[PDB]
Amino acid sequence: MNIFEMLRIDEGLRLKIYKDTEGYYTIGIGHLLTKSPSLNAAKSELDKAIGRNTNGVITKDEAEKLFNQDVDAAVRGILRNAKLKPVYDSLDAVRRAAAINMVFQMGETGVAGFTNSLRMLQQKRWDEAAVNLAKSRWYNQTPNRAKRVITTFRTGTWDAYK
């Protein structure tokens, strides 16, 4: 199992603009277009991202291409973050995917706001980190996805995704 497969399960795939769990215009595999309430602003952003006049609809290939760029960016964001990098480099491969998932979902600032959890993961105190991760708006808002990511950090296996 890998990051792409993991995120494809967590995010789904939609070829027409839709609103995410927070009510924000998104498309494809969890690609946020804009936080603005305007559908046009969203369509504008979409056309700018695809490089053509899409009219709110994209193909599967286009979706996958945004997806590759977004995963790439998430990882790169982690590596560039002084607070995140050290933790990320301390993790094994499976857990790294859990870290990428979080950043992809909520951005680097967001995650960078989980200080205590970061420290606990860095110390490899899995169960404790798992409990601390659960005390968050993230877990309360998207509990089933949070549980899957949390189990992944807790166990270091893909069991939650099987």
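Don't overthink the numbering: it's just position in the shown sequence, from 1.
Peer 1: Is the mean CA B factor in the deposited entry higher across 38-46 or across 131-139?
Peer 2: Comparing 38-46 with 131-139, the higher mean C-alpha B-factor belongs to 38-46.
Peer 1: If you take the mean CA temperature factor per stretch, which one wins between 145-153 and 20-28?
Peer 2: Going by the record's values, the stretch with the higher mean is 20-28.
Peer 1: Name the one of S117, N101, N55, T59 with the greatest CA B-factor according to the PDB entry.
Peer 2: Comparing C-alpha B-factors across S117, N101, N55, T59, the top value belongs to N55.
Peer 1: By the recorded C-alpha temperature factor, relative to the other modelled residues in its chain, which third is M1 in?
Peer 2: Its C-alpha B-factor, which the entry lists for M1, ranks in the highest third among residues of this chain.
Peer 1: Could you place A97 in the lowest, middle or highest third of its chain by Cα temperature factor, using the values in the record?
Peer 2: Lowest third of the chain for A97's C-alpha B-factor.
Peer 1: Place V71 in the lowest, middle or highest third of its chain's C-alpha B-factors, as listed in the PDB entry.
Peer 2: Its C-alpha B-factor belongs to the lowest third of this chain's values.
Peer 1: Please rank the C-alpha B-factors of the chain's modelled residues and tell me whether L91 sits in the lowest, middle or highest third.
Peer 2: Tercile = lowest for this residue's CA B-factor.
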